[PDB]
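# Coordinate inspection notes
Here is how the chains run, residue by residue.
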Amino acid sequence: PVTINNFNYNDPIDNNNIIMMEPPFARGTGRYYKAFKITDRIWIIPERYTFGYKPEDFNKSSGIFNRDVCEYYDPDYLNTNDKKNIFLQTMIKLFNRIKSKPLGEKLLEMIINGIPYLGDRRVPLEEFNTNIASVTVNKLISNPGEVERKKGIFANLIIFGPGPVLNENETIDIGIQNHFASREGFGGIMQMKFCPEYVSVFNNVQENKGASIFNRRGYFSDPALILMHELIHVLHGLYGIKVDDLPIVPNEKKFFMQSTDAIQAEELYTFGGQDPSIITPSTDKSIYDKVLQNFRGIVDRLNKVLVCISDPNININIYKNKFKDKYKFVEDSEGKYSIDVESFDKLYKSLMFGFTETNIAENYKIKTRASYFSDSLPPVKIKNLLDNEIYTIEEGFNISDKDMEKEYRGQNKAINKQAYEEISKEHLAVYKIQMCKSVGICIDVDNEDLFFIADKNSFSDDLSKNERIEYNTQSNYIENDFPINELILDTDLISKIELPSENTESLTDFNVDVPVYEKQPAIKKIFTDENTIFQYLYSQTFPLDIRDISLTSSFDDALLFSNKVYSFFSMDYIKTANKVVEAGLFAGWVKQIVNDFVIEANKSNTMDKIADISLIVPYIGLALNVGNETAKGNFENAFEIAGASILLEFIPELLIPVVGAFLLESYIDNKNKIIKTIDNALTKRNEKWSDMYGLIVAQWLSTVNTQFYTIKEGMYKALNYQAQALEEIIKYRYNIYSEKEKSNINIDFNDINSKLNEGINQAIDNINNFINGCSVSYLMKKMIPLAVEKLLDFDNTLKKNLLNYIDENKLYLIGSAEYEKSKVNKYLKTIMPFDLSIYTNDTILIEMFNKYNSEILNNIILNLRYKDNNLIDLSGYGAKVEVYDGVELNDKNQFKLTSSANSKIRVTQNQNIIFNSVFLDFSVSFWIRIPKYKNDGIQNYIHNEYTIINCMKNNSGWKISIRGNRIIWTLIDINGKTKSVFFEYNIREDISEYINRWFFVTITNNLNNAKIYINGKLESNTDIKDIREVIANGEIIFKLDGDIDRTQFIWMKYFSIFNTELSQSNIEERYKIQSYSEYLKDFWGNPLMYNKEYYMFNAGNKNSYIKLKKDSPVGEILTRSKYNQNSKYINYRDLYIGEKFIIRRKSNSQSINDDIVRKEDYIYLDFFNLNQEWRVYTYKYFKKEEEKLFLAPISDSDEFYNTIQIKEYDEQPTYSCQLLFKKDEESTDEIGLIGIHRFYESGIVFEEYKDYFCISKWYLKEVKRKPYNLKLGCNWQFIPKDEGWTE
Ligand SMILES: [Zn+2]
Ligand SMILES: [Zn+2]
């Protein structure tokens, strides 16, 4: 158990638990400090830490000590005896809180028992030397006013009050002769400068501080956790494992880069959470090896220690027993000490990954920042930690009896205001970057606000070094994890070996290195004319002495005029915001503009499914202009083209080493040591794959995810600025009214802020999801593939290495040099799938990753889309696309392959994507339009098969071909085995749904089957179990290849590939998404156009057509003529028959050239009667359900409706459209829909039924039924002449 002593500052010195100490950095000179033993080996000195600091530096100045902290100064802190006592009682309380839980009590016990080794690197192996400043510290015994009598004491930790900056707690170790015992296995007296009242403040990005931006936000820290965080540094120092290694160093070459001190791995381990993942596996092992090496030395010393020259009264056995337990060494029956690999592993992991701030916070239910790299905020002062009503040993601030236990409410600034106080900005110093334009206007930006982008030097290159493989050689994995539960329940973690007595010989050798500190300018001036995130956010603010502002979409005007504030919202939002109204309409205006704000912010949930992008925040570019000028042009389009990359302020240069060669050692005649060498090289090979992935994750987190973090913070600010600006305008407009008017104005400001704040929170969730998706995207598409390239390169080199090895040793392997020959091929065949959960256990990061992987659209590895008269890959994997001269492209994403040799597309796929899942798993989707057969060429049409898309690599791969009316999917495994599946449409149908008409194809492949879907419907299936490995990432050639007719061609659109099997549901959705359009379509599926001759087709009367009746103004319905020749293979009804109609636009006299017909458009349905253009009319006064339509010259009669509204009542894909007659555009008086009705005719000669072109009110209710009735006679399609259809 741990005992916390009690005492008051004014208690008498007793030379035992209350002494006059001579601090290590005092150098044996100067005065002593009253010190109190809070627990064994731990001392509290309630005075300011002054070592290495200038007295005047305790005052706030124009300088700062740390560039990444909002430094609070207060020279009066601890200047009275009562203040000192308050410090003592507070430390006593924090220590009691720490030991209130097993985990903290164990941290304390480990610290108390972790006594420094008696000596350091300079001491001979056979001795203990207590006479060094890192082991012995002195206390003055003699009466006051004379250093006549001193006495030495061993100590582990000395805690002082703060140095110049109250909120900059720090643990310091003792260096002597340029070396640190606490970094070389010995350990040494540790010191700390700590302040309990002025705690740090933080806020979660992916969260919301009490869902309030108008109130105080963020949470304040629990000083007990702040203390335990420093105690962890102490722990590492005491065990001599606070080693230095390759540090994370920030890139500072650009003005937008954050400047900070180098960050050591030990600091990231101490914090825990995701930070350890920023330390590559290479560096993890390097640190591991150094500490292990350190322990080897200590254990050798324990085997050689014979005497303690400095102090004859030191019992050697007692210390050997204690050090044996401290380091978990094992001892044989004789007394020989050695390192037990298992116990060392556990101790190491316990100290570096068990005791972490993150683990402790979770355990004590204390909230803390998410990452080391999180924006630091202004500190706050805690009123009274000694008041159990505000802070308790058991629960800290989160007291259940006050209902502050849930959601860390007790630490919430917006909730527990009675626990803290804000700090005077006059006492705060912050390092700023003053960005000046070469003129001049200057903007100050806190260094904290900039982009932290780790420099390339931050990462180890140990992967490039060679590895010697032996029958011994084994894997080396360090789990940056440690079950806190076992640690808390570990039985032999805490020593039960006697702590030696602290009294010893006085220290006479005060030699020690004392650090010297000094402030640096708090402001650094830089020159740049860039208008990036910093300037854009600045343009959205206004001076405090201004109360009348107006919004503007002009960024430059906003920067120029102090009364102009930039807004990235809609033009309409901006105009309404600057609108002035009479008192009577003010409340209405407020409701309006506030509602408009929420609508604008809500646009952050915009979808862009047609471009294969589920979520897009359209205004991010306008708001920050971050990255590659995202404020210019249209952000959505730019994002579709480049993706996540356009938002990054900087594109990092990744460290992706060529893995070092393997040197296998031979064992002539040893059939076992040789077999092992091969197996070990395989396992080692996997270690290289995992390590490389770890190296990627570290760079991603410290150079890419950090930038996206800043963008997220940037948006939160931009949104808040917009709300702040609107709030300001509302206040001004309201205050212009007299008191009498205000009384009759119904307004509630709190609720206004409430609604605005709500809109903001909703937008933040959308933005956070968008940005996280962008970050994972960059990792997966821009980083992982580059690593894979090298790893595959390494594989090959290793393959020819192992084979050649099995050759030179063929003899000593006799009848097996073949069994393992393939053993190598099958091992280096399966690559290691990247799994982020292996490199980190951070819930937020894992969820980000799993979410990304659950989105089917991220499985797209090729997506050919039209852009600037060219086809490019928008999958984000950078496939190279060469479109030769003979290919026809249009902005409707349609491309035509002709019989010309230059009508070809060459696609070189990214060879670095896990495509060969070792069992064939991928899909191909695209739209196609295949022209009708030539009647006089039916034999060749049905006989000649021709390839259209070929993807072959090493005589293996896939292919898409066509033979007449059949489309074929062919696979060819490495063995040459071939399998096919096909879809054949009928060429004898009176009316075909497929011939010369756009339709949707999707082919899916999995371990068992090959399925072909047509317009979302499964059509074919083929068992492909026999088929073996299929190489699919070869070059893709789009070209008509075979014995074709010179006239042969094929149109295609939206060709894409997925590296997974699409489900019927995915396909249906894709079919629906890609079928969607604002415009109507024609019979062939192309956009319906105005001023274009069209024959009419009726879906309910397929074989019927309209013809102006000879003697009357009506359209009789006749039967379509048909294919007349004698071929047995074909049949069809003529399509180019009947009147030739032409659709004319109704509104705006923009002439009759041509344009796209959209749903709901008002039109005139005309047709050519010889050399004249006639019109389709509806007699206004009919009372029956239907009536025949009236066809006549163009004219305007009061008795006939002449205006039609083209509609689309079908919710599902169809090329059919409906034609509605309304009383007039405005009215909701529907006359009826155009269709076909049957009439009975009985005359003097003929008796029969005849159908006519009509209008019926009956259809009005029928088109509402679900599912939509495709057979309805009011369903029409327009057929223009098309080269793809001849009759
Ligand atoms: Zn730290
Ligand atoms: Zn940072």
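## Digging into the overall build of the protein chain
In terms of regular secondary structure, the protein chain is built from 23 helices and 63 strands. With the principal axes as the frame, the protein chain shows a C-alpha extent of 145 × 105 × 60 Å.

## What to know about the sheet that holds strand β23 (residues 432–436)
One open sheet holds the 3 strands; their spatial order is β24-β23-β28, and the pairing between them is mixed. Strand pairing shows two members of the sheet lacking a second neighbour, β24 (442–446) and β28 (523–527), which therefore form its edges. Between one strand axis and the next, the sheet turns by 25° as a mean value, whatever way the strands run. Strand direction decides the pairing type here: β23 and β24, joined by 5 bridges, are antiparallel. Pairing of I433 across the sheet is with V445, part of β24.

## Considerations on the domain arrangement of the protein chain
In terms of domain boundaries, the protein chain breaks down into domain 1 (1–438), domain 2 (441–472 + 529–827), domain 3 (843–1075) and domain 4 (1089–1279). Computed from C-alpha coordinates alone, the two centres of domain 1 and domain 4 are separated by 86 Å.

## Notes on unusual backbone geometry
Excluding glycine, most residues fall at negative phi; most peptide bonds, likewise, are trans. Following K1266, the chain continues to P1267 via a peptide bond in cis, the omega torsion being 0°. Of note, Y408 is a non-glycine position whose phi angle comes to about 55°, a positive value. Relative to the elements of secondary structure, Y408 occurs in the loop between β20 (380–382) and β21 (420–421). Located in the positive-phi region is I814, a residue other than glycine, with phi close to 30°. Tracing the backbone shows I814 in the loop between α18 (749–808) and α19 (819–827). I814 sits in the exposed class, given a relative accessible area of 62%.

## Remarks on the coordination of the zinc ion (ligand 1)
Surrounding the zinc ion (ligand 1) are the protein donor atoms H229 (NE2) and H233 (NE2), at 2.2 to 2.3 Å. With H229 and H233 both in helix α3 (residues 223–238) and 4 residues apart, the pair spans about one turn of that helix. Taken individually, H229 and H233 each receive the classification buried, so the pair is uniform in this respect.

## Regarding the nonpolar core
Judged by nonpolar contacts, the single largest core of 271 residues is most densely connected at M91, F95, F128, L231, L647, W700 and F834. Per-element tally for this core: the top contributor is helix α16 (residues 671–735), with 26 residues. What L231 contacts, discounting residues up to four positions off in sequence, is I98, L107, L108, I111, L157 and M192. Membership of the second largest hydrophobic core comes to 71 residues, among which are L862, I1036, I1050 and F1097.

## Things to note about the side chain of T703
Among the structural elements, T703 can be located in helix α16. When its relative accessible area of 3% is taken as the criterion, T703 is described as buried. One polar contact links the side chain of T703 to the main-chain carbonyl oxygen of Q699, over a distance of 2.5 Å. Not counting the four nearest positions on each side in its chain, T703 is found in contact with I453, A454, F459 and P652.

## Concerning a nonpolar patch on the surface
Residues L306, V307 and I309 make up a contiguous nonpolar surface patch of about 280 Å² in total accessible area. Relative to the helices and strands, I309 resides in the loop between β17 (307–308) and α6 (316–326).

## Some details on the sheet that holds β20
Spatially, β14-β20-β21 is the arrangement adopted by the 3 strands of the open sheet, whose pairing is antiparallel. Bordering the open sheet on either side are β14 (198–199) and β21, each of which pairs with just one other strand. Looking at chain direction, β20 and β21 are connected through 2 bridges and run antiparallel. If you follow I382 over to β21, its bridge partner there is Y420.

## A word on the UniProt feature "active site" in the protein chain
Per the UniProt entry, the sites bearing "active site" are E230 in this numbering. For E230, the contacting residues outside a window of four places in its chain are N169, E170, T171 and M192.

## Notes on the pattern of salt bridges
Considering all chains together, one arrives at 58 salt bridges under this definition. Salt-bridge contacts for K684 lead to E467; the nearest nitrogen and oxygen are separated by 3.9 Å. Pair noted here: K684 is in helix α16 and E467 is in strand β25 (residues 467–469), with a separation of 217 residues, a long-range link. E467 carries the same exposure label as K684, and that label is buried. Residue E600 is joined to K603 by a salt bridge in which the shortest nitrogen-to-oxygen separation is 3.4 Å. A relative accessible area of 8% means that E600 is categorised as buried. Taken together, the shared-partner salt bridges in this structure form one network comprising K285, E467, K684, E687, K688 and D691.

## Some thoughts on the pairing of strand β9 (residues 157–160)
Here β9 shows no split at all, with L157 and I159 on one side and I158 and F160 on the other all buried. Here strand β3 (residues 42–45) pairs with β9 via 4 bridges, running parallel. When the sheet's bridge partners are listed, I44 is paired in β9 with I159. Strand direction decides the pairing type here: β9 and strand β13 (residues 190–193), joined by 4 bridges, are parallel.

## What about helix α15 (residues 635–642)?
Along α15, the residues that are buried comprise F635, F639 and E640. One side of α15 carries all its buried residues, which in axial view fall inside an arc of 135°. On its buried face, α15 sits against β31 (606–608), β32 (613–616), α14 (620–624) and α18. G643 sits one or two positions beyond α15 and adopts a positive phi of about 75°.

## Here's the deal with the packing of aromatic side chains
If you walk through the whole model with that rule in mind, you get 97 aromatic pairs. The interplanar angle of 35° and the centroid separation of 6.0 Å between the aromatic rings of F635 and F639 together place this pair among those described as tilted. Placement of the pair is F635 and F639 together in helix α15, with a separation of 4 residues, close to one helical turn. Residues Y693 and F834 carry aromatic rings whose centres are separated by 5.3 Å and whose planes lie at 75° to one another, so their mutual orientation is edge-to-face. Note that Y693 is positioned in helix α16 and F834 in the loop between α19 and α20 (843–854), a separation of 141 residues in sequence. Grouping residues by exposure puts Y693 and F834 together as buried. An aromatic cluster of three or more residues is present, and its members are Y269, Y288, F295, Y327, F329, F344, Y348 and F353.

Rules used in this analysis
- Residues numbered from 1 in each chain as written, not as in the entry; some residues may be left out.
- Chains lettered and ligands numbered in written order.
- Heavy atoms only, no water.
- Residues with missing side-chain atoms left out of burial classes, pairs and counts.
- Helix = DSSP H or I, 4+ residues; strand = E, 2+ residues; numbered from the N terminus.
- Pairing = 2+ DSSP bridges.
- Axes fitted to C-alpha atoms, helices over the stretch in contact; angles between N-to-C directions.
- Domains from an automatic or database assignment.
- Buried < 20%, exposed > 50% of the residue type's maximum accessible area, 1.4 Å probe, protein only.
- Donors = N, O, S within 2.8 Å, 3.2 Å for Na, K, Ca; no water.
- Core = buried A, V, L, I, M, F, W, Y, C linked by side-chain atoms within 4.5 Å.
- Contact = heavy atoms within 4.5 Å.
- Polar contact = N/O pair within 3.5 Å; in protein donor to acceptor, adjacent residues only side chain to side chain.
- Patch = residues over 30% accessible without salt bridge, like charges linked within 9 Å, V, L, I, M, F, W, Y side chains within 5 Å.
- Areas by Shrake-Rupley, 256 points an atom, 1.4 Å probe, with all protein chains shown as cover.
- Salt bridge = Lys/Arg side-chain N within 4 Å of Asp/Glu carboxyl O.
- UniProt positions renumbered as here; feature names shortened; annotations may be inferred.
- Arc of directions from axis to C-beta.
- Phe/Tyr/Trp six-rings, centres within 6.5 Å; stacked < 30°, edge-to-face > 60°.

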